[PDB]
Every structure is written in structure tokens, then in C-alpha cells.
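Here's the letter readout for the chains.
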Amino acid sequence: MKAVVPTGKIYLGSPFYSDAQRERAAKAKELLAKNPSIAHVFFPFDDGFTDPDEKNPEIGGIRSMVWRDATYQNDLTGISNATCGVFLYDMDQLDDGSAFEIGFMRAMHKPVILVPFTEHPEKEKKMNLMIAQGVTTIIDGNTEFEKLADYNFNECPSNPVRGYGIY
Amino acid sequence: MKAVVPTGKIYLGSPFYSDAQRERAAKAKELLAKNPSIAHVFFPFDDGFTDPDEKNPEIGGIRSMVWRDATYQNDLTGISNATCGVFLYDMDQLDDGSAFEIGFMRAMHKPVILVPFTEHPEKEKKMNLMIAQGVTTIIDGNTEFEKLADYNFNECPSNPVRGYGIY
Amino acid sequence: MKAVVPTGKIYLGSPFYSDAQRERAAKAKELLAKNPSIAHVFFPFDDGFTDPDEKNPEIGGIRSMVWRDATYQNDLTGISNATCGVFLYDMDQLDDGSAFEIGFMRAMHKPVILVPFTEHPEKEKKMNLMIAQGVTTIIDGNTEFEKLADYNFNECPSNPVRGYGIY
Ligand SMILES: O=c1[nH]c2nccn2c2nc[nH]c12
Ligand SMILES: O=c1[nH]c2nccn2c2nc[nH]c12
């Protein structure tokens, strides 16, 4: 039914190194900010843990175990707090972090919205079975990105992945 | 304590074919709508998934696997998002869907409010052990239905099933 | 990133026998009430279940199984509804109830804020490995209690236990 207050709490999973990825994430953020069903959005790369004992940290890049633990746990906490996952999913460069997180959320029985992106529509349209069956809602990033502004995250209606060859 | 905003998110479980069942559901919805502790109510039958490749689908009839998956997942998603379950539970015609959902929610450690209905109070008062022990709060549907309007769904105080013979 | 509404739902775990304990709980409650990230706070001892069939029940005495079940379940329900745990943790008299609840919440992947108190700073600073590693954020109760008023419970940033000997 119609929610009295917004209840949607989104875990936004995405790689964040290159341009386009960062641009995708930013646009996703604005779109979600326009959605009246959303109470909160968590994006892992926004904040960050600082290890006082960590000298000259990179990103390459050997990191302290304290930093690793704190950041990983910040992400798991984000998944725990979240009601649903929204993943900006690069089909050209598969991100195993995002896949890990999708599997994690599905094991918790939480709904997962997959938002796939490709710069090669001329190439074969294929998906790993675990992703294709694991995700509960697909919203195409190249053609339907704008739907993130209107999607009812209070209820997260299903939309099974179809039209992808499956391996 | 007193909630700053309503936090109650209800999964409302009930069969929805017959008259009476539908009436029960409607009254339940109104009562819950009057409750200030509730942020959201999900009722499985309100919306629906439409499989484009499904021609002339019948309730009770053979359904496509896509529709089955999407609908089942819509319910599981509702259970996931919910903080608690409220089941309009017909003691005269046992619904195994509702029982399934009760078990699912209890396995997730979520509280379950059972709202039993009978058209034969003069008849034997008996309940299956898994339901009687599984549910955390009982509110009699014939005599206490109205309590759905005032019950504090921010905290869901317990009220164990008593007065039922157990098999 | 920034919440549209507060989403923090706190399970406040603490013993409630001594005046010192009750005072800690009270101050904690007041501090949390000032936190704009918090939607709701649950404290187990605030309310109570009353077993009509229980004659002259005594705190610390033999309790009816109905009371035991209902009360235990009220706590588990509090943990279920909660997004995170905040534990007023007496390092001088270890409370196994609170520890139980911490383990329960961590098994559910929920974040746990430990707020340790000691009146014997002269003694060695030691912690059980399961508590030190189980907890996701430590806020010292003796020196940093007030931080409960400002902490962002929408996201619950990590802060690993350091400075304690580990046994
Ligand atoms: O720096 C990060 N690398 C990274 N790989 C996977 C998740 N994350 C993550 N979340 C927050 N910061 C980071
Ligand atoms: O609500 C309670 N929770 C709880 N955990 C451990 C003991 N207790 C306790 N004793 C009386 N009421 C309670």
C-alpha cells in the first residue's frame, strides 16, 4: 500500500575508479534523490575509514588489516541496514565485489535491483546464471536509467531477467 | 520507547478468493491504516505481475514459470522488507500459503501476529503446535480485530497462544 | 549519504539491577533522544509482560514458563526490529545476557556499538576475544558516553576495539 513515510533504504553497489563509473554513480545518486519512496541511500565510497597507524596509503596498494576490516565491515553494515540493493553493473568489466555483495544480499533474502551497463550493444547479450537468477529486478542502465527516480522502493516489485543468453 | 517516526512495516497475509476473506482483508487494511505506529503495509494481492507471453491466464489455472517466480518473489520481498507479519488466519479452512509464510518469517526471527477467525466458536478450539508456538502474538479476529488499530507495531509486544488445544 | 528520515533503530541492551546500571541506562536514553539519526529506541526493561496465572511473582525468583517465553521473545523481537545494538557493557561485572544478545545480533550481521564501563581503571584492560572482535564500534562509556548523542546510526561507521588485552 501507500507508505506513510518513505521506507526504502538502498545499498548502492558500484565500482568507483574510472570516469564513467564515477559519473554513473553520481547520476544514480541524483536519480535516487528524486525518488519519494527512499528514506536513505548508502554508497560505500562516500565516506571512509582512516587508520591512524597507516602510513602513506595508496589504492594499489597494500592496506593495513585494520583499514581492510573497518571498510569491509562498513560495507556489510550498509548491506545489513539496507532494505534492498541497487547495483550499477558493468557488463563489459565484471566486478566481483558487486557480485559478492549481490550474493550476500540474496542469502539474506533481500531484493536486488540490477542496473546493467554496456558500451558494446553490438556484442553478445549474456549473463552468468547466478546473477540472472539471483537478482529480483532488472532495470537497463543504458535505456531505462531514469526509472530509478520513480521505482517504488517501499515494495520493490519483481522483474525477472530475460533476453540474456545464460552461461 | 515512543517512536520518532512510525517504523512498523506489516506483511499482511491472507487468502483473497472468497467473500468474507476479501472483506476481512479490507477491514484489516482500514484498521491498520488507522494505526499511528505503522510506516507501511504490504498486501500481496493488491498489485500483480503481468507476463506478456502469458495468454489468458486463469486464477487456479496453469501459470507461466516467469509469473510464478515474479509473484512468489514479490511475497518474499514483502516478507524481507517487513518488520512483522499479520496473518488473517482462517481456522475453518487452513491456508498452507499463510502457514508457509509464518514459518519463513519465524526462521528470520521476525515477530508474527496471528489473527484467527472462525464461524464456529461453539466448535472445538484446536491448533497445530507449530503455529501455536511459532506465532509471537495472538489477537482474536472474532472479538479483538479492532486492536489492529492501536497495537504498537514499533515494538510488537508478545502475547503467547493460550486456550487452544494443541495437536 | 544523508537520510530523508531517521532510520536508526536501536536495541539498547543493559543490566537493570543496581542504581549505577539504572543511571547509565537513563543517561544513555537521554543522549540517544538527542540523536537526529534515530527513529526508535527499544529498552527491554521499560515495559513488561504480565502472566495472569502467575501468583506473587518475584524478580530473580522462579518465573512461569509463559512469562519467560513472552519476555525472552519481547527481547528477540526488539533485536529483530532493530538496525543496530548499543550495549552498556559493565567490564567489572560481566553480563552474559548482553553478551548473548551481542552474539545473536552479529549472527544476523547487524552492527553492534559497545559502550564499556569500568570503575577500576587501575586493573588490567582486558576483553574476551569474541566481544572485541564481534563488536563493530566501540565508544568508551567512561570518557566518550556523550558521543551517543551525535553518532550516525543511519550508517553506523566502524571503529574496531584497540587498547585492550585479549583473552
Ligand atoms: O575502497 C574501497 N574498495 C572496495 N572494494 C570493494 C568495496 N570497496 C569499498 N567500499 C568502501 N570503500 C571501498
Ligand atoms: O526484559 C528482560 N530482558 C532480560 N534479559 C535478561 C534478563 N532480562 C529480564 N529480566 C526481567 N525482564 C527482562
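Residues numbered from 1 in each chain as written, not as in the entry; some residues may be left out. Chains lettered and ligands numbered in written order. Heavy atoms only, no water. Residues with missing side-chain atoms left out of burial classes, pairs and counts.

As deposited, the entry is annotated with X-ray crystallography as its determination method and 2.100 Å as its resolution.

Naming follows the PDB entry, where chain A appears as Nucleoside deoxyribosyltransferase of Lactobacillus helveticus. This deposition appears in the PDB under the title "Crystal structure of Lactobacillus helveticus purine deoxyribosyl transferase (PDT) with the tricyclic purine 8,9-dihydro-9-oxoimidazo[2,1-b]purine (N2,3-ethenoguanine)".

Trainee: Where do I start with the overall build of chain A in this structure?
Mentor: Within chain A, the regular secondary structure consists of five helices and seven strands. Ordered by position from the N terminus, the helices and strands of chain A form the series β-α-β-α-β-α-β-β-α-β-α-β. At 16 Å, chain A has a C-alpha radius of gyration in line with the 15 Å of a compact globule built from 167 residues. Along the three orthogonal principal directions, the C-alpha set of chain A runs to about 50 × 45 × 30 Å. (Helix = DSSP H or I, 4+ residues; strand = E, 2+ residues; numbered from the N terminus. Rg over C-alpha atoms; globule rule 2.2 N^0.38 Å.)

Trainee: Quick question: what am I supposed to make of the relation of the copies chain B and chain A here?
Mentor: The operation relating the two chain copies consists of a rotation about an axis and a shift along that axis. For the pair chain B and chain A, the superposition axis carries a translation of 0.0 Å, the fit reaches an RMSD of 0.2 Å, and the rotation angle comes to 120 degrees. This pairing of chains is accounted for by a three-fold axis. Here only 4% of the contact residues of chain B are again contact residues in chain A; the copies associate through non-equivalent surfaces. (Least-squares fit on C-alpha atoms. Contact = heavy atoms within 4.5 Å.)

Trainee: Before we go on, may I ask you to explain the interface of chain B and chain A in this structure?
Mentor: Many analyses report the size of an interface as the accessible area lost when the parts associate. Contacts between chain B and chain A engage 23 residues on the former and 21 residues on the latter. Taking both sides of the interface into account, the surface hidden between chain B and chain A amounts to around 1,800 Å²; carbon and sulfur atoms contribute 57%. For the chain B face of the interface with chain A, the top three residues by lost area are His40(B), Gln73(B) and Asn81(B), together amounting to 25%. On the surface where chain B and chain A come into contact, there are one salt bridge. A salt bridge links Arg162(A) to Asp51(B); the nearest nitrogen and oxygen atoms lie 3.2 Å apart. In this assembly, chain B and chain A are joined by 10 residue pairs in polar contact. Of all elements in the fold, only β2 (38-42) and α2 (65-81) of chain B reach the threshold of two or more residues within the side of chain B that touches chain A. Ranked by residues supplied to the side of chain B that touches chain A, first place goes to α2(B) with nine residues. (Buried area = accessible area lost by both parts, 1.4 Å probe. Salt bridge = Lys/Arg side-chain N within 4 Å of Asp/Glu carboxyl O. Polar contact = N/O pair within 3.5 Å; in protein donor to acceptor, adjacent residues only side chain to side chain.)

Trainee: Help me out: how do you make sense of the site of ligand 1 in this one?
Mentor: All names here are of chain A. The environment of ligand 1 is made up of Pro44, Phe45, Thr71 and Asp75. One nitrogen or oxygen atom from the side chain of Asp75 is found 2.9 Å from a nitrogen atom belonging to ligand 1. In the complex, 58% of the free accessible area of ligand 1, which totals 300 Å², lies under the protein chains. Partitioning the shell around ligand 1 into residue classes produces two nonpolar, one polar and one charged. (Near = heavy atom within 4 Å. Areas by Shrake-Rupley, 256 points an atom, 1.4 Å probe, with all protein chains shown as cover. Nonpolar A, V, L, I, M, F, W, Y, C, P; charged D, E, K, R; others polar.)

Trainee: For this particular structure, what's the right way to read the site of ligand 2?
Mentor: Residues and elements named next belong to chain C. Within the structure, ligand 2 sits among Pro44, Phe45, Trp67, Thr71 and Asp75. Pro44 places a main-chain nitrogen or oxygen 3.5 Å from an oxygen atom of ligand 2. In the model, a nitrogen atom of ligand 2 is placed 2.6 Å from a nitrogen or oxygen of the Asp75 side chain. In the complex, 59% of the free accessible area of ligand 2, which totals 300 Å², lies under the protein chains. By residue class, the composition of the shell around ligand 2 is three nonpolar, one polar and one charged.

Trainee: Explain the sheet that holds β2(B) here, please?
Mentor: Working definition: the strands of a sheet are paired by backbone hydrogen bonds and lie parallel or antiparallel to each other. All names here are of chain B. An order of β2-β1-β3-β4-β6 is seen for the five strands of this open sheet, with the pairing classed as parallel. Lying at the two open borders of the sheet, with one neighbouring strand each, are β2 and β6 (137-138). Against the sheet, helix α3 (residues 96-107) contacts β1 (8-13), β3 (84-90) and β4 (112-117), and its axis sits at roughly 155 degrees relative to β3. (Pairing = 2+ DSSP bridges. Axes fitted to C-alpha atoms, helices over the stretch in contact; angles between N-to-C directions.)

Trainee: Which parts of the structure should I look at to understand the pairing of strand β3 (residues 84-90) of chain C?
Mentor: Where a strand is regular, its side chains alternate between the two sheet faces. All names here are of chain C. Within β3, seven of the seven residues are buried, which leaves it mostly tucked inside the rest of the structure. Residues of β3 alternate between two faces, with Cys84, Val86, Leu88 and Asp90 on one and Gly85, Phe87 and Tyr89 on the opposite face, all of them buried. Pairing between β3 and strand β4 (residues 112-117): six bridges, direction parallel. Following the sheet pairing, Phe87 is matched in β4 by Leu114. (Buried < 20%, exposed > 50% of the residue type's maximum accessible area, 1.4 Å probe, protein only.)

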